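A single chain comes next, written as structure tokens; it is the form deposited in one PDB entry.
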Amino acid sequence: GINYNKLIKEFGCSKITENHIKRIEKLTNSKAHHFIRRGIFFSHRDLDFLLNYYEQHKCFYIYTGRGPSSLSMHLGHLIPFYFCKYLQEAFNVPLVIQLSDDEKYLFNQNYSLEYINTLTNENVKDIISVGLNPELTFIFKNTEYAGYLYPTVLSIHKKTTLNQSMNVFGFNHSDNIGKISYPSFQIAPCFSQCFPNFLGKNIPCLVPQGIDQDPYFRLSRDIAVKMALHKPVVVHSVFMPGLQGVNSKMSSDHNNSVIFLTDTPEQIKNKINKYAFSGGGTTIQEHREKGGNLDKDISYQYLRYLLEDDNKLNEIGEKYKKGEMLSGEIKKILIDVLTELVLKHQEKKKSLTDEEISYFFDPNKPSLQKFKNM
């Protein structure tokens, strides 16, 4: 399994605490998202600075991204985006979303820019369909927005030796120079000068991410000091596991470990019933006696990510732990929850117009520009 504690201490982060949560709830006048309460988003750098800044200036922005390497995203890919939806609503601040189409063109030898773009456009619909607030969201493709990033990229480039790049990201001498140079493009949007149409200069940036993105942003913090700009504030998520077991990451038969957003209710039912690891007894008699293992049961673990009502989760968790609820029942609860989530997602996605989509790419929205001088 992934020892997340050993990552905190090795990468140099701090755990998000109960007092961080209360503080957040005080500043946003709203219950904190379950991801924070339940330790999904569990780690940070400079969170207190950010919260202090928001308290004084009612102002920061949120940055996250998606590398369009596949036509259809899975549930794990949406964790950061659901969290950004919450952050955006609760704090009432802009959210900027990078589609690193350059990255995925550069890293996949047989993929054309044209092919990457079909993936990007579909991915963007999936991203929008989580319910992002169009009025406070700016999505951009690096292939189209590089002109705005480049001056900042130049400064980041200048402050990154080839040695550092190769060491931090594990590049070798046969890698193309696009790969060597991409990380500066992922780092750039942490600096509000990249969005002059709607942000003031040197506004703090909150960067929600799965823990795999940290090498970029750990580097970004060193470079920020050299640029005399705010260090990016990071909050890291654990990985949502695959169905096969908790000691894994949901990734991409191998698609039987993954819930795709294009999956039908039929396919979801079958994946859960047949492939989702059960933490219960092998017999009903044994289950009644020993109970369910919550740490290993995939359906319970998934319910931690998806079920908004705390009481309902603790009710299910206690019954399953005690043996009062069967593996068949908890799997059935998950399926109903997933089916609802996925059907709502597809309903929203199908309904998106070109006009609605294009609006997310418009940097001159008045609601976005409220922080332009702020």
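One rule holds for the numbers: they count along the sequence shown, beginning at 1. Between two forms, the rigid core is the largest collection of C-alphas that superpose within 1.5 Å.
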query: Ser252-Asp253 interval: deposited residues absent from the model; finding: 10 or more
query: Between the two ranges 199 to 207 and 239 to 247, the one averaging a larger CA B factor in the entry; finding: 239 to 247
query: Mean Cα B-factor comparison, 156 to 164 or 263 to 271, giving the higher one as deposited; finding: 263 to 271
query: Selection from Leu50, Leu326, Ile36, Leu306 [criterion: highest C-alpha temperature factor in the record]; finding: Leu326
query: Options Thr120, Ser184, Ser257, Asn142 - largest CA temperature factor per the record; finding: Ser257
query: Relative C-alpha B-factor of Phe42, binned into the chain's lowest, middle or highest third; finding: middle
query: Ranked C-alpha temperature factor of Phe277 among modelled chain residues, by third; finding: highest
query: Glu114 by Cα B-factor - lowest, middle or highest third of the modelled chain; finding: middle
query: CA B-factor ranking of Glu356, expressed as a third of its chain; finding: middle
query: Relative C-alpha B-factor of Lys125, binned into the chain's lowest, middle or highest third; finding: lowest
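Below, we turn to the form deposited in another entry, even though it does not appear here.
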| property | result |
| --- | --- |
| Moved residue between the shown form and the other one - picked from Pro265, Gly131, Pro215, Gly76, where its Cα shifts 2 angstroms or more relative to the rigid core | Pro215 |
| Post core alignment: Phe360 C-alpha displaced by 2 Å or more between the shown form and the other one | no |
| Core-superposed C-alpha of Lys9 shifting 2 Å or more between the shown form and the other one | yes |
